[PDB]
Ligand SMILES: [Mg+2]
Ligand SMILES: [Mg+2]
Ligand SMILES: [Mg+2]
Ligand SMILES: [Mg+2]
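Chains as they are written, first to last, in the entry's author numbering: chain A, 1 to 23; chain B, 211 to 764; chain C, 211 to 438, 447 to 696; chain D, 280 to 418; chain E, 280 to 418; chain F, 280 to 380, 383 to 418; chain G, 558 to 655, 659 to 696; chain H, 280 to 380, 383 to 418.
Okay, here's the thing in structure tokens:
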């Protein structure tokens with residue numbers, strides 16, 4: 001007989017950064 | 211079910227009838243022309259449009275056997291017997307006669323090969339490929355596949371020779387809606403006081419099944435009044451109310467005001483009803499808006515005669531508290547077209563791809579329930595300049611703007627998607643949205659004039675008991691530089707002072723009773739306005755007004 | 211359970227009862243009208259509102275067959291067994307008699323089929339679609355579903371034929387809470403002093419199970435008052459009104475249980491001076507929430523927002539604490555820069571969540587401390603993080619004024635730099651009254667000194683008029 | 280235990296929860312202690328998997344559904360409650376949340392006394408001064 | 280080792296730890312050594328993904344829970360303790376954090392003397408002077 | 280290869296690295312060339328992904344530990360060697376750093394690249410070695 | 558144009574890279590004055606961005622040999638505000654100067673696919689409108 | 280073709296690639312047509328699978344392992360020119376690409394298709410080949 005299987009691998013997110021100017 | 215059940219798309223119905231009968235009724239013309247007729251046909255479109263109904267009707271008129279294969283019912287319990295089950299079903303279908311085979315929910319067996327990660331599904335799809343390929347010319351059997359969404363199909367299944375002809379079962383027009391209404395309403399005791407043309411002229415985005423929902427809801431409403439009057443008491447049944455039953459028109463109005471299209475309930479907007487008399491002032495502006503919104507949706511013949519492509523977008527800009535959101539509300543409630551409300555930052559998401567998927571889904575629903583009016587409020591939140599700073603935080607905002615442009619530029623006269631823009635700061639609006647051909651006409655909402663302001667006050671104090679001997683022109687002349695929000699604030703403060711007077715009077719009355727009219731005067735007095743004027747301000751400074759004036763000049 | 215248990219939602223009780231009974235008591239009438247009735251319904255609303263209670267009541271009262279399906283129960287390990295279970299369930303329901311299926315927590319078994327990446331779930335949802343509609347769809351059976359997130363369902367499932375009618379079992383009203391209280395206090399023994407009308411008035415956001423929890427806690431308090447076993451104490455318990463007051467002063471609505479504020483103890487007499495501003499705040503907060511009939515008599519919505527501005531330490535946060543402690547409406551104390559996040563969009567997601575809680579447990583008061591931190595001018599910052607602050611202020615603008623309901627949200631802002639606020643926030647409709655909080659005068663400084671010295675012993679001859687005359691430019695902090 | 284219940288096969292973690300609750304109800308009026316519940320009760324809105332959401336829905340229906348629970352009391356322990364599904368923080372499922380926080384001076388004295396009752400101390404040691412000088416100790 | 284316990288399937292890393300600890304407790308008092316603990320004990324709430332949270336919670340339960348351990352000792356090794364979950368840095372889980380840092384002149388002299396015990400030197404060789412010039416060289 | 284071994288499945292790239300090291304230690308004393316190590320060494324502090332730190336820890340475990348390596352040498356390759364972990368650049372893992380960054386070498390490369398073909402008799406390689414002053418090889 | 562630095566030159570750099578990649582080509586720079594602005598002296602961040610844009614344009618146009626045969630076409634309304642450093646010989650030397661008959665022809669080309677009334681002449685609109693343009 | 284290289288058996292795709300390459304080297308100096316290369320080469324950066332990486336490495340090591348005595352060439356067609364591995368576009372495998380951006386071939390295709398029917402007596406397929414501009418196949 002056959003059988004099934006569950007799988008949950010990962011995820012990927014995106015970040016936000018702050019910069020500094022010199023006028 | 212028969213040819214008289216499926217309705218609306220007459221040309222599509224003729225095409226499918228030719229495609230399914232001719233290679234089974236008369237193959238001499240196919241041999242004469244010299245093309246082998248196909249064996250597979252796809253029909254797609256939004257769910258609840260009539261695909262399965264049409265397939266069942268086709269299975270009815272033709273006496274050929276009709277073998278329905280429910281998508282998710284092809285697997286089995288024992289190791290490797292589903293393949294044998296499908297094979298034996300297909301061989302019986304071929305061996306018996308030139309039958310008709312209907313495979314439902316092809317999407318269940320078409321996960322695009324990328325998000326599968328299984329092996330039994332691979333085996334079953336490959337077996338289906340072999341069975342479809344192994345169809346001799348003498349079988350004379352054709353397959354009709356039913357898909358809810360067209361882009362989740364295995365192109366291997368879409369290749370020529372297996373499944374070549376698709377048909378977009380779309381939204382029926384007004385005539386299609388009227389005829390389907392007749393089909394549904396012909397088997398009912400209909401009162402004389404009925405005008406199905408009005409129902410098929412006020413219903414816009416409905417497709418296929420929600421019309422049935424409308425009918426059922428109306429019937430239920432009729433049951434409501436007849437049950438309330440009859441009062442059976444749930445202990446017997448009478449025999450006079452049934453024959454004294456007639457469907458009214460007000461129940462149809464109630465059903466129309468109650469239900470919405472089946473596609474857009476996911477984005478159902480809370481019911482707020484503002485009339486055209488609520489937008490005080492701006493008479494010429496409202497006239498221009500009415501002209502812009504009523505013409506593309508009602509006069510296609512005029513559009514053709516003009517020969518000029520109407521604009522498919524618009525941008526409201528002006529100072530805060532002038533009524534941009536108010537006009538959006540007025541259009542949304544009484545414009546006679548669908549309306550999907552979206553907030554700018556609402557769509558953005560932290561995951562990769564989800565943001566663009568959200569833009570794609572909202573515009574897909576907008577095109578599905580055509581005609582529609584997508585209201586983009588605070589447009590400068592999602593549509594800013596591109597490449598403003600090196601720190602683009604992954605360029606996700608740039609990607610979102612590019613998705614909006616690429617997926618909004620694919621418009622035409624069809625789908626009647628009208629975009630309403632509304633921004634507080636037009637300086638940060640991307641010029642790409644402002645270039646000619648995309649959002650051309652710009653409406654500037656100025657500060658109200660003295661007459662316009664008097665109209666605003668009368669529109670805000672319409673449903674408010676007020677003294678007989680009182681005028682508003684003095685207030686209008688005094689609040690010279692005010693805005694609509696400021697007028698709302700002054701009237702609100704006056705009401706607050708009035709309720710204070712009412713409550714203190716009631717407390718004094720209760721006290722003297724301890725040791726009829728509720729207040730000394732139910733109407734707001736002139737003194738309330740007189741002593742509520744000490745606390746108002748002007749919403750926008752002269753600097754902001756000058757900036758908006760310069761933007762208008764340029 | 212019966213129809214006398216579910217309280218506070220008359221429309222939904224009537225709609226579900228008619229839909230479930232009338233087509234199963236007078237089918238001939240529906241053959242006379244011609245059309246079939248709706249046959250699938252999805253109950254949705256915040257948790258602890260009475261969805262499962264309604265299902266239990268229908269199962270108990272209606273004499274027809276009833277089959278119950280919890281969400282995950284259908285799935286199994288062997289391949290293609292879940293669909294076999296669903297088919298078996300539907301066949302068992304159909305074969306014996308006309309029956310009612312109830313699917314609890316449909317969100318587990320009906321994903322959107324577009325964001326999911328599994329296989330078995332997508333086949334289970336497709337099997338559900340075929341069973342609910344298609345060749346030999348269903349006969350003399352009705353399907354009820356219950357959910358907390360109706361938006362997590364594939365739209366193809368929520369079309370006519372599968373789930374045509376949507377009942378919205380939402381938060382009750384004052385009358386609904388009174389009726390629920392009357393239902394829940396029908397079996398215990400109560401003292402005469404209890405007055406449920408006032409208690410229902412003060413329960414500003416409690417929904418369903420919240421009321422039950424309140425009652426249970428009050429009873430437990432009574433049990434631990436007369437336990438310091448003979449029938450003398452077994453009889454004559456007598457849940458006093460003080461027990462209910464204590465339980466109400468202790469519990470908070472489950473919706474705001476996530477953001478429960480720490481119990482700070484201040485009072486109005488602690489705020490010296492600013493008498494007129496204190497009365498103005500009282501007037502603007504208590505009138506819409508206690509006296510809605512007069513507002514609807516005049517046909518105008520109430521004023522909501524307010525912004526304190528002035529020198530530091532004049533008493534802005536003190537006023538906010540006083541509002542938090544001595545007002546019946548719920549309080550959401552929110553920090554300025556707390557709501558920001560490194561990710562993309564999570565700032566606006568958090569803001570939307572906070573305002574959703576505020577509008578859910580209405581009437582509610584939200585305190586925005588240092589409004590100039592998150593709501594600054596727009597576009598001034600050249601070097602930015604992708605305009606995240608700009609999107610935050612735009613989200614605030616649309617959430618405080620947009621396609622909302624304007625039921626009861628009172629926003630109080632407190633900043634000492636009123637020039638850095640976006641002018642789009644200062645317009646009426648969002649923050650419509652700006653209250654300056656100036657430096658105290660002598661009569662206010664004396665009042666403040668008494669306010670902070672009301673728990674302190676002092677020499678009898680110590681007069682504070684000299685101290686007040688001696689401090690001229692001082693503030694409350696000084 | 281928190282993560283102890285889940286298995287790789289699809290539809291077996293929920294079976295384990297079913298078995299646990301059915302044994303608890305079949306045997307006697309029982310107590311169910313779930314340690315580190317934050318690992319099997321996320322908010323179902325920030326998560327993206329499928330087995331975790333399905334397990335959470337299983338827990339919700341098993342603790343409070345039709346014929347929910349008969350004289351069985353559920354205890355849970357966690358270090359951060361804010362990362363828990365709001366549907367679990369309600370009367371009927373998790374009636375009340377007790378806050379076991381940082382002991383004060385008296386609490387530290389009690390902890391010291393209990394923990395130094397089985398060892399052989401010297402005669403020169405007092406525990407009140409030690410509990411006074413120890414300030415931020417969590418017990 | 281760090282990554283050697285994790286697996287592709289959902290709910291198997293915890294099974295790996297369970298069987299490992301059971302093998303440790305099966306026979307004799309045992310010593311466990313987890314090299315690079317920072318790779319499988321991230322700070323909870325700072326990570327995106329339920330598997331890391333679940334494995335962290337499982338480790339917490341295994342080391343300190345009901346009937347936690349019996350005559351078994353656990354040792355970990357990491358380069359950045361600040362990235363470890365604070366719940367793991369408590370008495371009963373990781374109670375003594377020993378700092379194996381840079382040796383001094385005497386320690387490095389010992390290092391040279393041990394390293395040059397199998398190597399063949401010249402007659403004119405000293406290690407004290409050699410140890411003196413080197414300053415930052417560790418191990 | 281660097282970007283080849285990295286994947287999105289949790290616990291799969293570490294399994295690939297362990298399988299590669301077991302295959303290198305199974306048959307014979309061999310030489311491992313892991314190319315483009317800067318993509319799979321994000322210094323464990325600038326990155327946000329957990330799989331990169333996990334495969335970094337897997338690399339340090341396979342290179343050093345109890346019975347780590349039995350007569351097998353690993354070779355790396357990168358363009359910027361500063362974006363590697365200081366624990367990766369330690370003794371026992373990458374203890375020798377070779378800088379492979383002139384005219385005589387370019388002439389030798391021209392001679393060894395023009396070896397299997399008779400080009401001509403009057404071709405002078407001096408101009409070919411002097412004009413191609415910026416050719417890497 | 559990028560309000561930041563470098564990017565606003567990298568855009569023109571990779572535009573000219575696409576130009577030299579798709580040889581031969583025509584680079585139609587619309588509204589040259591808006592870009593050049595006769596860099597001169599402005600003494601600000603906008604002045605520095607304008608000077609960097611003009612220097613990038615000059616160093617990415619003067620480097621075009623007989624190979625790659627690109628061709629830059631500019632157009633403007635005001636020729637006063639164009640940079641003489643870009644009107645120099647060797648970079649861009651041609652000067653094409655651009659009526660009633662052209663207005664009538666433009667109206668007849670604009671009214672091509674239009675069902676016009678037969679009894680209508682556009683010469684009256686051509687004679688009445690003198691200083692108009694095709695857009696108006 | 281592209282997606283016709285996979286099977287249930289693990290690694291069967293590399294065996295199929297080796298079988299095809301050894302058949303083309305065994306039979307004659309010939310030409311191999313690999314249609315729809317965008318399915319086999321997923322550009323190696325956006326993908327997350329492992330059998331796609333394995334089949335890309337197998338195609339790389341089979342295209343590189345062709346000597347002078349093989350005398351076989353490979354032809355590959357694609358739809359988009361951007362989703363291709365640069366390692367497949369490296370010097371050695373694919374360097375000479377054509378940019379196909383006629384009426385005689387269209388008339389030939391018409392005379393191929395429509396020559397098996399009782400057509401008409403007043404037809405001119407030259408006009409259909411002239412008026413048909415962008416059709417193919
Ligand atoms: Mg259908
Ligand atoms: Mg607005
Ligand atoms: Mg429930
Ligand atoms: Mg403060």
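Note that the Cβ used here is the ideal one computed from N, Cα and C, for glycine as well.
Open item on the list: Going by beta-carbon coordinates alone, are residue 281(C) and residue 316(C) separated by less than 8 Å?
Closed with: yes
TODO: Return no unless some Cβ of chain H is closer than 8 Å to the Cβ of residue 289(B).
DONE: no
Task: Short-range partners of chain C found in the stretch 2–19 of chain A, where Cβ spacing is below 7 Å - done: 2, 3, 4, 13, 14, 15, 16, 17, 18, 19
Task: Buried or exposed by the 16-neighbour rule on C-beta atoms within 10 Å, applied to residue 611(B) - done: buried
Task: Spatial neighbours of residue 404(D) in its chain, beta-carbon cut-off 7 Å, leaving aside the 5 residues before and after - done: none
Open item on the list: Need the endpoints of the beta strand (DSSP E) that residue 630(B) sits in, please.
Closed with: 627–633
Task: chain A within 8 Å of residue 327(E), Cβ atoms only - done: yes
TODO: Examine the Cβ distances between the stretch 521–535 of chain C and the stretch 562–573 of chain C and report whether three or more of them are shorter than 8 Å.
DONE: no
- [ ] Using a Cβ-Cβ cut-off of 8 Å, state whether residue 604(B) counts as contacting chain G.
- [x] no
Open item on the list: Output needed for residue 469(C): all residues of its chain with C-beta closer than 7 Å, excluding positions within five of it in sequence on either side, in chain order.
Closed with: 423, 424, 427
- [ ] State the Cα-Cα distance for the pair residue 350(D) and residue 394(C), rounded to the nearest angstrom.
- [x] 20 Å
Task: Which residues DSSP lists as bridging residue 403(B), in chain order - done: Bridge partners of residue 403(B): none, in fact.
Open item on the list: What does the alpha-carbon distance come out to for the pair residue 643(G) and residue 615(G)?
Closed with: 7 Å
Task: Proximal residues of chain E, C-beta to C-beta of residue 336(F) below 7 Å - done: 281, 282, 315, 318
Open item on the list: DSSP three-state label for residue 381(B), please.
Closed with: coil
Open item on the list: ligand 3 and residue 262(C): does any heavy atom of the ligand fall closer than 7 Å to the residue's C-beta?
Closed with: yes
Task: Backbone CA spacing between residue 619(C) and residue 502(C) [nearest angstrom] - done: 19 Å
- [ ] Spatial neighbours of residue 629(B) within its chain, please: CB distance less than 6 Å, with the 5 preceding and 5 following residues excluded, ordered by chain position.
- [x] 523, 584
Task: residue 399(H) at chain B interface by Cβ criterion, 8 Å - done: yes
Open item on the list: Please tell me whether residue 296(C) has its Cβ less than 8 Å away from any Cβ of chain A.
Closed with: no
Task: Terminal residues of the beta strand (DSSP E) in which residue 317(E) lies - done: Looking at the DSSP string, residue 317(E) is not in any beta strand (DSSP E), and its letter there is neither H nor E.
Task: Beta-ladder partner(s) of residue 677(B), from DSSP - done: According to DSSP, residue 677(B) bridges with nothing at all.
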